[PDB]
Amino acid sequence: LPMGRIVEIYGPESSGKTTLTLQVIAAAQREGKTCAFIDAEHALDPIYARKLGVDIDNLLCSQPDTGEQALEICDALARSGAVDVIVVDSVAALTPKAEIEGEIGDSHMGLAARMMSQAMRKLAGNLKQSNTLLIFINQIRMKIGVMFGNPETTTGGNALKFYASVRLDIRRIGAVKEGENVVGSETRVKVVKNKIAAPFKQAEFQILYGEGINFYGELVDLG
Amino acid sequence: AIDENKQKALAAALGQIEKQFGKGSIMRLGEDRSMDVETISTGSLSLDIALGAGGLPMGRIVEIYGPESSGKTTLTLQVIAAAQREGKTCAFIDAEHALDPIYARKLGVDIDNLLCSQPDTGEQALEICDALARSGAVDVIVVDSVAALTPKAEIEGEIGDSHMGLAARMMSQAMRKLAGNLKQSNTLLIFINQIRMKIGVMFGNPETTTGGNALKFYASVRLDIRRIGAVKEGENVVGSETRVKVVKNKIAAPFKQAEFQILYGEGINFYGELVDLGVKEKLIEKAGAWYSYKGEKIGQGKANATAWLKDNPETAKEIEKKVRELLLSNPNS
DNA sequence: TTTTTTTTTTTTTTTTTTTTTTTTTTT
DNA sequence: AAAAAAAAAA
Ligand SMILES: Nc1ncnc2c1ncn2[C@@H]1O[C@H](COP(=O)(O)OP(=O)(O)OP(O)(O)=S)[C@@H](O)[C@H]1O
Ligand SMILES: Nc1ncnc2c1ncn2[C@@H]1O[C@H](COP(=O)(O)OP(=O)(O)OP(O)(O)=S)[C@@H](O)[C@H]1O
Ligand SMILES: [Mg+2]
Ligand SMILES: [Mg+2]
């Protein structure tokens with residue numbers, strides 16, 4: 001993954017989005033780099049992060065109240081020049097202040113898409129100067145009034161698709177069994193956008209519950 | 001020399017963030033105690049083992065779904081009863097308009113202290129959940145059927161009028177607003193969901209759940225409950241044989257399952273589980289259809305062995321203690 | 001040869017920004 | 001296989 005750029009990772013429920021993103025952090029911390037995790041979903045388990053190989057004691061973590069606060073912390077850490085990797089867990093949970101103060105049922109027409117469009121404009125330049133990698137996790141939603149193409153879409157509007165240097169589609173394609181005991185997931189990643197090399201290549205690997213990505217399993221298949 | 005200017009730049013940035021947004025706005029993950037996972041009992045010992053962390057996680061969202069008369073409401077009332085016995089406050093949002101308070105009392109719920117609402121719209125139901133979460137004074141909220149959370153525009157409208165993804169949009173907005181508030185208050189939110197069949201499919205599961213896709217993403221636990229048979233007293237059907245599958249888990253390994261009995265008017269059969277678990281850990285010897293503890297022949301047939309454990313509380317406590325110590329991945333005492 | 005006096009009055013616009021979400025058997 | 005309605009900023 002390229003330093004100083006924006007990356008998007010999206011997929012369905014329990015496809016391994018958070019697990020993949022913690023393995024990037026673990027690998028970067030072993031090379032002396034500093035990392036931050038913005039947990040907008042409010043669902044990070046620190047003991048699981050430790051089992052995957054993250055140094056919990058040095059990882060900066062924030063659970064912000066609004067989307068604006070989340071993206072202002074990203075800008076501040078990027079300008080500092082001292083953080084190498086930032087992860088933002090779900091764009092889908094980046095709630096605008098006006099929507100939090102409001103009531104359930106109130107319409108907020110394209111307010112989240114407008115905030116995201118503003119954030120990309122402000123961040124792209126700062127990330128490139130600091131040489132900081134920013135990873136956005138995104139969730140999938142269905143679009144209505146469609147027969148062509150894919151009815152699948154992502155959250156947060158159109159800006160992120162333009163500014164991302166790499167976009168990754170992750171999917172669970174089966175179970176890893178020890179006879180009866182389900183012990184992990186068979187996983188496929190498609191590269192759907194690439195600006196640093198050719199796109200549309202794919203990768204297959206195993207995620208084992210409590211260990212993470214099965215390295216030696218890949219080394220067999222490649223050997 | 002160069003890594004020392006970085007430490008200073010980082011310290012300044014952390015200072016500026018904490019000044020702008022408040023004290024605990026950014027910290028190191030290892031020194032954040034609010035981020036530790038705390039669990040409460042489900043009222044079933046086999047399900048507490050299947051979940052891996054010894055129960056359902058406080059501060060998170062949980063989904064329980066299944067077919068008609070599978071025990072969804074009964075399971076949530078057993079969670080509330082177990083929580084009330086630890087001095088926690090509990091609320092029940094009855095969107096189905098089908099709760100019986102006499103039956104709730106028989107399952108062990110304190111009817112006099114349980115908060116209850118029968119809201120008119122889905123928006124009203126989800127605004128009450130948000131208000132109780134912000135209060136900081138409620139520990140467990142149950143919402144009976146997502147399926148019955150009707151948007152205001154659909155109630156004011158006529159039967160036949162199309163409302164394209166209006167319910168799905170309301171749930172997507174509710175998750176965004178609630179997730180953060182539930183974590184700050186340390187409140188557990190349980191959603192009950194119904195199964196619907198999907199058309200235009202040949203592969204996979206044609207079974208779907210109601211209310212759109214948002215809840216699948218934000219839930220920390222998802223439970224599929226199913227009636228697998230009858231519990232008989234010769235002729236009289238006295239209860240249900242029940243299976244729960246953990247189809248999503250973020251606090252331990254998923255895809256474990258639990259089997260137990262629901263007896264009509266009592267609820268979940270605790271001693272019936274404790275027999276089957278004590279047998280599995282070699283603390284109870286099973287000689288064909290005979291149950292024996294430490295050589296002492298206690299009963300023949302599961303029902304008599306359960307009745308024996310009932311009238312001897314101390315030996316039941318001894319077997320519980322052992323099963324708890326052994327099989328739980330994270331014992332908390 | 002000798003010696004200054006005193007203010008008056010407004011003028012005129014410029015330019016958009018951004019999506020969100022499924023629903024249900026039928027024989 | 002056929003569908004709908006939502007605002008606020010220098
Ligand atoms: N603490 C844990 N212990 C054991 N297994 C886990 C844990 N957390 C996640 N997993 C499993 O790892 C697999 C991938 O999980 P994640 O990386 O959390 O996926 P995800 O796409 O981020 O899912 P979300 O955010 O919940 S929609 C799933 O099968 C999980 O059940
Ligand atoms: N008041 C009651 N007295 C005796 N048995 C009951 C009572 N209420 C429910 N039951 C039985 O307990 C079992 C589980 O019922 P529930 O817990 O209501 O299941 P459920 O999935 O909530 O079903 P729904 O909401 O009707 S689709 C069923 O066999 C019921 O008949
Ligand atoms: Mg995740
Ligand atoms: Mg019910």
# chains A, B, ... in the order shown; residues from 1 in each chain; ligands from 1
>>> select_by_dssp(residues="stretch 67-265 of chain B", states="helix (DSSP H, G or I)", output="JSON, numbers by chain")
{"B": [72, 73, 74, 75, 76, 77, 78, 79, 80, 81, 82, 83, 84, 101, 102, 103, 104, 105, 106, 122, 123, 124, 125, 126, 127, 128, 129, 130, 131, 132, 133, 134, 135, 146, 147, 148, 152, 153, 154, 155, 156, 166, 167, 168, 169, 170, 171, 172, 173, 174, 175, 176, 177, 178, 179, 180, 181, 182, 183, 184, 185, 214, 215, 216, 217, 218]}
>>> residues_around(residues="residue B:103", least_positions_apart="4", cutoff="12 Å", atoms="only C-alpha atoms (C1' of nucleotides)", output="list in words")
residues 73, 74, 77, 78, 98, 99, 107, 108, 109, 110, 111, 264, 265, 266 and 267 of chain B
>>> closest_atom_pairs(of="chain B", to="chain C", cutoff="9 Å", atoms="only C-alpha atoms (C1' of nucleotides)", output="CSV")
residue,atom,partner,partner_atom,distance
B:164,CA,C:22,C1',6.8
B:165,CA,C:21,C1',4.6
B:166,CA,C:21,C1',6.7
B:167,CA,C:21,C1',8.4
B:168,CA,C:21,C1',6.0
B:169,CA,C:21,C1',5.3
B:172,CA,C:21,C1',8.7
B:196,CA,C:24,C1',7.7
B:197,CA,C:24,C1',6.9
B:198,CA,C:24,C1',6.2
B:199,CA,C:25,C1',6.5
B:211,CA,C:22,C1',8.7
B:212,CA,C:22,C1',6.7
>>> write_last_selection(atoms="N, CA and C atoms", output="PDB file, in the first residue's frame")
ATOM      1  N   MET B 164     -40.477   3.093  -0.434  1.00  0.00           N
ATOM      2  CA  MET B 164     -39.253   2.434  -0.972  1.00  0.00           C
ATOM      3  C   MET B 164     -38.108   2.600   0.034  1.00  0.00           C
ATOM      4  N   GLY B 165     -37.687   1.494   0.659  1.00  0.00           N
ATOM      5  CA  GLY B 165     -36.558   1.431   1.607  1.00  0.00           C
ATOM      6  C   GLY B 165     -36.642   2.477   2.706  1.00  0.00           C
ATOM      7  N   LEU B 166     -37.849   2.824   3.163  1.00  0.00           N
ATOM      8  CA  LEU B 166     -38.063   3.865   4.208  1.00  0.00           C
ATOM      9  C   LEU B 166     -37.685   3.296   5.583  1.00  0.00           C
ATOM     10  N   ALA B 167     -38.060   2.047   5.863  1.00  0.00           N
ATOM     11  CA  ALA B 167     -37.747   1.322   7.117  1.00  0.00           C
ATOM     12  C   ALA B 167     -36.236   1.069   7.219  1.00  0.00           C
ATOM     13  N   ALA B 168     -35.618   0.588   6.135  1.00  0.00           N
ATOM     14  CA  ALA B 168     -34.155   0.382   5.991  1.00  0.00           C
ATOM     15  C   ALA B 168     -33.399   1.687   6.229  1.00  0.00           C
ATOM     16  N   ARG B 169     -33.935   2.823   5.787  1.00  0.00           N
ATOM     17  CA  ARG B 169     -33.259   4.144   5.922  1.00  0.00           C
ATOM     18  C   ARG B 169     -33.303   4.604   7.382  1.00  0.00           C
ATOM     19  N   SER B 172     -30.747   2.445   9.387  1.00  0.00           N
ATOM     20  CA  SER B 172     -29.398   2.939   9.014  1.00  0.00           C
ATOM     21  C   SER B 172     -29.077   4.208   9.819  1.00  0.00           C
ATOM     22  N   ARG B 196     -38.052 -13.415   7.049  1.00  0.00           N
ATOM     23  CA  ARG B 196     -38.856 -13.322   5.802  1.00  0.00           C
ATOM     24  C   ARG B 196     -38.144 -14.098   4.694  1.00  0.00           C
ATOM     25  N   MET B 197     -38.911 -14.599   3.730  1.00  0.00           N
ATOM     26  CA  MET B 197     -38.391 -15.389   2.583  1.00  0.00           C
ATOM     27  C   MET B 197     -38.101 -14.413   1.441  1.00  0.00           C
ATOM     28  N   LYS B 198     -36.976 -14.587   0.744  1.00  0.00           N
ATOM     29  CA  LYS B 198     -36.607 -13.723  -0.408  1.00  0.00           C
ATOM     30  C   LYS B 198     -36.878 -14.476  -1.717  1.00  0.00           C
ATOM     31  N   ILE B 199     -37.454 -13.765  -2.695  1.00  0.00           N
ATOM     32  CA  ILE B 199     -37.866 -14.281  -4.037  1.00  0.00           C
ATOM     33  C   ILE B 199     -36.866 -13.758  -5.079  1.00  0.00           C
ATOM     34  N   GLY B 211     -35.725  -5.217   7.946  1.00  0.00           N
ATOM     35  CA  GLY B 211     -35.255  -3.889   8.395  1.00  0.00           C
ATOM     36  C   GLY B 211     -33.963  -3.426   7.735  1.00  0.00           C
ATOM     37  N   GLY B 212     -33.522  -4.080   6.659  1.00  0.00           N
ATOM     38  CA  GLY B 212     -32.364  -3.633   5.859  1.00  0.00           C
ATOM     39  C   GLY B 212     -31.062  -4.263   6.315  1.00  0.00           C
TER      40      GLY B 212
END
>>> closest_residue(among="B:332, B:61, B:204, B:217", to="ligand 3", atoms="only C-alpha atoms and all ligand atoms")
B:217
>>> interface_residues(of="chain D", to="chain B", cutoff="10 Å", atoms="only C-alpha atoms (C1' of nucleotides)", output="PyMOL selection string")
chain D and resi 1-5
>>> write_last_selection(atoms="N, CA and C atoms (P, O5', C5', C4', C3', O3' and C1' of nucleotides)", output="mmCIF file, in the first residue's frame")
data_model
loop_
_atom_site.group_PDB
_atom_site.id
_atom_site.type_symbol
_atom_site.label_atom_id
_atom_site.label_comp_id
_atom_site.auth_asym_id
_atom_site.auth_seq_id
_atom_site.Cartn_x
_atom_site.Cartn_y
_atom_site.Cartn_z
ATOM 1 P P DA D 1 -43.104 -10.307 -14.588
ATOM 2 O "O5'" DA D 1 -43.220 -8.999 -13.685
ATOM 3 C "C5'" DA D 1 -42.527 -8.908 -12.425
ATOM 4 C "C4'" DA D 1 -42.422 -7.470 -11.970
ATOM 5 C "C3'" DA D 1 -41.669 -6.541 -12.921
ATOM 6 O "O3'" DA D 1 -42.121 -5.191 -12.773
ATOM 7 C "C1'" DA D 1 -40.459 -6.716 -10.919
ATOM 8 P P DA D 2 -43.308 -4.618 -13.686
ATOM 9 O "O5'" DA D 2 -43.805 -3.348 -12.860
ATOM 10 C "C5'" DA D 2 -44.678 -3.482 -11.716
ATOM 11 C "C4'" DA D 2 -44.291 -2.512 -10.620
ATOM 12 C "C3'" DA D 2 -43.824 -1.129 -11.088
ATOM 13 O "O3'" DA D 2 -44.431 -0.088 -10.313
ATOM 14 C "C1'" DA D 2 -42.212 -2.070 -9.649
ATOM 15 P P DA D 3 -45.083 1.188 -11.038
ATOM 16 O "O5'" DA D 3 -45.153 2.270 -9.870
ATOM 17 C "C5'" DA D 3 -43.965 2.897 -9.342
ATOM 18 C "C4'" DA D 3 -43.605 2.296 -8.002
ATOM 19 C "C3'" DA D 3 -42.971 3.275 -7.012
ATOM 20 O "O3'" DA D 3 -43.911 3.687 -6.008
ATOM 21 C "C1'" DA D 3 -41.864 1.115 -7.017
ATOM 22 P P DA D 4 -44.659 5.113 -6.098
ATOM 23 O "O5'" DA D 4 -44.098 5.899 -4.829
ATOM 24 C "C5'" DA D 4 -42.686 6.120 -4.658
ATOM 25 C "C4'" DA D 4 -42.439 7.107 -3.541
ATOM 26 C "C3'" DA D 4 -42.711 8.565 -3.899
ATOM 27 O "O3'" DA D 4 -43.107 9.290 -2.728
ATOM 28 C "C1'" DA D 4 -40.360 8.216 -3.644
ATOM 29 P P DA D 5 -43.846 10.711 -2.852
ATOM 30 O "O5'" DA D 5 -42.976 11.644 -1.896
ATOM 31 C "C5'" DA D 5 -42.815 11.336 -0.496
ATOM 32 C "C4'" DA D 5 -41.464 11.800 -0.003
ATOM 33 C "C3'" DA D 5 -41.243 13.317 -0.052
ATOM 34 O "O3'" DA D 5 -40.681 13.786 1.179
ATOM 35 C "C1'" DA D 5 -39.441 12.212 -1.067
#
>>> closest_residue(among="B:216, B:97, B:60, B:72", to="ligand 1", atoms="only C-alpha atoms and all ligand atoms")
B:216
>>> residues_around(residues="residue B:319", least_positions_apart="6", cutoff="8 Å", atoms="only C-alpha atoms (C1' of nucleotides)", output="number ranges by chain")
B: 274, 278, 283
>>> closest_atom_pairs(of="chain A", to="ligand 3", cutoff="10 Å", atoms="only C-alpha atoms and all ligand atoms", output="tab-separated table")
residue	atom	partner	partner_atom_place_in_ligand_line	distance
A:13	CA	ligand 3	1 (Mg)	8.1
A:14	CA	ligand 3	1 (Mg)	7.0
A:15	CA	ligand 3	1 (Mg)	8.5
A:16	CA	ligand 3	1 (Mg)	7.0
A:17	CA	ligand 3	1 (Mg)	5.7
A:18	CA	ligand 3	1 (Mg)	4.2
A:19	CA	ligand 3	1 (Mg)	7.3
A:20	CA	ligand 3	1 (Mg)	9.5
A:21	CA	ligand 3	1 (Mg)	9.1
A:39	CA	ligand 3	1 (Mg)	9.3
A:41	CA	ligand 3	1 (Mg)	7.9
A:42	CA	ligand 3	1 (Mg)	9.7
A:43	CA	ligand 3	1 (Mg)	7.3
A:44	CA	ligand 3	1 (Mg)	7.6
A:89	CA	ligand 3	1 (Mg)	7.0
A:90	CA	ligand 3	1 (Mg)	7.9
A:137	CA	ligand 3	1 (Mg)	8.2
A:138	CA	ligand 3	1 (Mg)	9.5
A:139	CA	ligand 3	1 (Mg)	9.4
>>> closest_residue(among="A:78, A:70, A:104, A:124", to="chain B", atoms="only C-alpha atoms")
A:104
>>> residues_around(residues="residue D:7", least_positions_apart="5", cutoff="10 Å", atoms="only C-alpha atoms (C1' of nucleotides)", output="ChimeraX atom specification")
/A:107-111
>>> interface_residues(of="chain A", to="chain C", cutoff="9 Å", atoms="only C-alpha atoms (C1' of nucleotides)", output="list in words")
residues 109, 110, 111, 112, 113, 114, 117, 141, 142, 143, 144, 156 and 157 of chain A
>>> write_last_selection(atoms="N, CA, C and O atoms", output="PDB file, in the first residue's frame")
ATOM      1  N   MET A 109     -30.264  15.870   3.796  1.00  0.00           N
ATOM      2  CA  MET A 109     -30.043  15.575   2.353  1.00  0.00           C
ATOM      3  C   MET A 109     -28.568  15.815   2.011  1.00  0.00           C
ATOM      4  O   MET A 109     -28.127  16.994   2.077  1.00  0.00           O
ATOM      5  N   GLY A 110     -27.844  14.745   1.678  1.00  0.00           N
ATOM      6  CA  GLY A 110     -26.454  14.797   1.188  1.00  0.00           C
ATOM      7  C   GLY A 110     -25.506  15.520   2.128  1.00  0.00           C
ATOM      8  O   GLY A 110     -24.480  15.986   1.650  1.00  0.00           O
ATOM      9  N   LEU A 111     -25.790  15.541   3.423  1.00  0.00           N
ATOM     10  CA  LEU A 111     -24.954  16.227   4.436  1.00  0.00           C
ATOM     11  C   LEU A 111     -23.668  15.432   4.691  1.00  0.00           C
ATOM     12  O   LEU A 111     -22.614  16.067   4.755  1.00  0.00           O
ATOM     13  N   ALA A 112     -23.747  14.106   4.828  1.00  0.00           N
ATOM     14  CA  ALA A 112     -22.584  13.204   5.012  1.00  0.00           C
ATOM     15  C   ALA A 112     -21.679  13.202   3.765  1.00  0.00           C
ATOM     16  O   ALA A 112     -20.445  13.244   3.931  1.00  0.00           O
ATOM     17  N   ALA A 113     -22.268  13.130   2.568  1.00  0.00           N
ATOM     18  CA  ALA A 113     -21.561  13.200   1.267  1.00  0.00           C
ATOM     19  C   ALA A 113     -20.842  14.547   1.123  1.00  0.00           C
ATOM     20  O   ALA A 113     -19.745  14.566   0.595  1.00  0.00           O
ATOM     21  N   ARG A 114     -21.406  15.618   1.664  1.00  0.00           N
ATOM     22  CA  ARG A 114     -20.813  16.976   1.583  1.00  0.00           C
ATOM     23  C   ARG A 114     -19.601  17.096   2.506  1.00  0.00           C
ATOM     24  O   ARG A 114     -18.618  17.717   2.106  1.00  0.00           O
ATOM     25  N   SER A 117     -16.742  15.043   0.895  1.00  0.00           N
ATOM     26  CA  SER A 117     -16.220  15.851  -0.236  1.00  0.00           C
ATOM     27  C   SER A 117     -15.296  16.957   0.287  1.00  0.00           C
ATOM     28  O   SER A 117     -14.223  17.118  -0.268  1.00  0.00           O
ATOM     29  N   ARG A 141     -24.172  -0.993   0.959  1.00  0.00           N
ATOM     30  CA  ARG A 141     -25.652  -0.801   0.989  1.00  0.00           C
ATOM     31  C   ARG A 141     -26.205  -1.126  -0.400  1.00  0.00           C
ATOM     32  O   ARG A 141     -25.431  -1.098  -1.358  1.00  0.00           O
ATOM     33  N   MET A 142     -27.493  -1.436  -0.496  1.00  0.00           N
ATOM     34  CA  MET A 142     -28.171  -1.714  -1.792  1.00  0.00           C
ATOM     35  C   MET A 142     -28.708  -0.402  -2.343  1.00  0.00           C
ATOM     36  O   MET A 142     -29.240   0.389  -1.554  1.00  0.00           O
ATOM     37  N   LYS A 143     -28.577  -0.190  -3.648  1.00  0.00           N
ATOM     38  CA  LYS A 143     -29.261   0.928  -4.346  1.00  0.00           C
ATOM     39  C   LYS A 143     -30.568   0.415  -4.965  1.00  0.00           C
ATOM     40  O   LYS A 143     -30.658  -0.790  -5.271  1.00  0.00           O
ATOM     41  N   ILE A 144     -31.559   1.300  -5.088  1.00  0.00           N
ATOM     42  CA  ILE A 144     -32.941   0.997  -5.579  1.00  0.00           C
ATOM     43  C   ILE A 144     -33.163   1.723  -6.913  1.00  0.00           C
ATOM     44  O   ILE A 144     -32.632   2.842  -7.072  1.00  0.00           O
ATOM     45  N   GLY A 156     -21.394   7.171   1.960  1.00  0.00           N
ATOM     46  CA  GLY A 156     -20.634   8.433   2.104  1.00  0.00           C
ATOM     47  C   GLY A 156     -20.452   9.222   0.813  1.00  0.00           C
ATOM     48  O   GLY A 156     -19.660  10.164   0.827  1.00  0.00           O
ATOM     49  N   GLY A 157     -21.142   8.869  -0.267  1.00  0.00           N
ATOM     50  CA  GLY A 157     -21.111   9.646  -1.522  1.00  0.00           C
ATOM     51  C   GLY A 157     -19.946   9.284  -2.419  1.00  0.00           C
ATOM     52  O   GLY A 157     -19.294   8.283  -2.179  1.00  0.00           O
TER      53      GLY A 157
END
>>> interface_residues(of="chain A", to="chain B", cutoff="6 Å", atoms="only C-alpha atoms", output="list in words")
residues 13, 56, 57, 58, 59, 60, 61, 62, 80, 82, 93, 100 and 104 of chain A
>>> write_last_selection(atoms="C-alpha atoms", output="tab-separated table (two decimals), in the first residue's frame")
chain	number	residue	atom	x	y	z
A	13	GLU	CA	-20.58	-8.09	7.04
A	56	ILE	CA	-1.58	-2.10	22.09
A	57	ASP	CA	0.65	0.14	24.34
A	58	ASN	CA	1.85	2.35	21.37
A	59	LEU	CA	-1.36	2.35	19.15
A	60	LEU	CA	-3.19	5.75	19.39
A	61	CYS	CA	-6.99	5.14	19.63
A	62	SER	CA	-9.95	7.58	19.50
A	80	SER	CA	1.88	16.73	12.92
A	82	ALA	CA	4.70	12.09	13.48
A	93	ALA	CA	-20.58	5.57	11.19
A	100	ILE	CA	-26.66	13.69	16.16
A	104	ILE	CA	-34.63	9.96	14.21
>>> residues_around(residues="stretch 193-202 of chain A", least_positions_apart="2", cutoff="8 Å", atoms="only C-alpha atoms (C1' of nucleotides)", output="ChimeraX atom specification")
/A:2,165-168,188-191,204
>>> write_last_selection(atoms="N, CA, C and O atoms", output="CSV table (one decimal), in the first residue's frame")
chain,number,residue,atom,x,y,z
A,2,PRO,N,0.5,2.3,-0.8
A,2,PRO,CA,1.4,3.4,-1.0
A,2,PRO,C,1.3,4.5,0.1
A,2,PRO,O,0.2,4.9,0.5
A,165,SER,N,-6.3,6.0,-4.1
A,165,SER,CA,-5.2,5.5,-5.0
A,165,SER,C,-5.4,4.0,-5.2
A,165,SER,O,-5.0,3.5,-6.3
A,166,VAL,N,-5.9,3.3,-4.2
A,166,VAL,CA,-6.2,1.9,-4.2
A,166,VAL,C,-7.6,1.7,-3.5
A,166,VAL,O,-7.9,2.3,-2.5
A,167,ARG,N,-8.5,0.9,-4.2
A,167,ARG,CA,-9.7,0.4,-3.6
A,167,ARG,C,-9.8,-1.2,-3.6
A,167,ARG,O,-9.5,-1.8,-4.7
A,168,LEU,N,-10.1,-1.8,-2.5
A,168,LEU,CA,-10.1,-3.2,-2.2
A,168,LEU,C,-11.5,-3.7,-1.8
A,168,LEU,O,-12.1,-3.1,-1.0
A,188,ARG,N,-11.4,-13.8,-0.2
A,188,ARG,CA,-10.9,-13.3,-1.5
A,188,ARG,C,-10.9,-11.7,-1.5
A,188,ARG,O,-11.9,-11.1,-1.1
A,189,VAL,N,-9.8,-11.1,-1.9
A,189,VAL,CA,-9.6,-9.7,-2.1
A,189,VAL,C,-9.4,-9.4,-3.6
A,189,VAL,O,-8.5,-9.9,-4.2
A,190,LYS,N,-10.3,-8.6,-4.2
A,190,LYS,CA,-10.2,-8.0,-5.5
A,190,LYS,C,-9.7,-6.5,-5.5
A,190,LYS,O,-10.3,-5.7,-4.7
A,191,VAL,N,-8.7,-6.2,-6.3
A,191,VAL,CA,-8.2,-4.8,-6.5
A,191,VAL,C,-9.1,-4.2,-7.6
A,191,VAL,O,-8.9,-4.4,-8.7
A,204,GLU,N,-6.2,-14.7,-2.7
A,204,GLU,CA,-6.9,-15.7,-1.8
A,204,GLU,C,-6.0,-16.0,-0.7
A,204,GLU,O,-4.8,-16.3,-0.9
>>> residues_around(residues="residue B:295", least_positions_apart="6", cutoff="12 Å", atoms="only C-alpha atoms (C1' of nucleotides)", output="JSON, numbers by chain")
{"B": [283, 284, 285, 286, 287]}
>>> write_last_selection(atoms="N, CA, C and O atoms", output="PDB file, in the first residue's frame")
ATOM      1  N   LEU B 283     -17.750 -35.539  35.064  1.00  0.00           N
ATOM      2  CA  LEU B 283     -18.093 -35.342  36.499  1.00  0.00           C
ATOM      3  C   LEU B 283     -19.340 -36.171  36.828  1.00  0.00           C
ATOM      4  O   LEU B 283     -19.508 -36.508  38.007  1.00  0.00           O
ATOM      5  N   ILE B 284     -20.149 -36.509  35.815  1.00  0.00           N
ATOM      6  CA  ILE B 284     -21.341 -37.406  35.918  1.00  0.00           C
ATOM      7  C   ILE B 284     -21.122 -38.602  34.978  1.00  0.00           C
ATOM      8  O   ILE B 284     -20.897 -38.372  33.775  1.00  0.00           O
ATOM      9  N   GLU B 285     -21.176 -39.824  35.522  1.00  0.00           N
ATOM     10  CA  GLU B 285     -21.033 -41.099  34.765  1.00  0.00           C
ATOM     11  C   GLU B 285     -22.411 -41.504  34.232  1.00  0.00           C
ATOM     12  O   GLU B 285     -23.363 -41.525  35.041  1.00  0.00           O
ATOM     13  N   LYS B 286     -22.508 -41.810  32.933  1.00  0.00           N
ATOM     14  CA  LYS B 286     -23.769 -42.237  32.268  1.00  0.00           C
ATOM     15  C   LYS B 286     -23.635 -43.705  31.836  1.00  0.00           C
ATOM     16  O   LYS B 286     -23.009 -43.964  30.786  1.00  0.00           O
ATOM     17  N   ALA B 287     -24.197 -44.623  32.635  1.00  0.00           N
ATOM     18  CA  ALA B 287     -24.206 -46.089  32.403  1.00  0.00           C
ATOM     19  C   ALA B 287     -25.498 -46.485  31.673  1.00  0.00           C
ATOM     20  O   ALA B 287     -26.433 -46.985  32.332  1.00  0.00           O
TER      21      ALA B 287
END
>>> residues_near_ligand(ligand="ligand 4", cutoff="12 Å", atoms="only C-alpha atoms (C1' of nucleotides) and all ligand atoms", output="VMD selection string")
chain B and resid 64 to 77 92 to 100 104 142 to 148 191 to 194 225
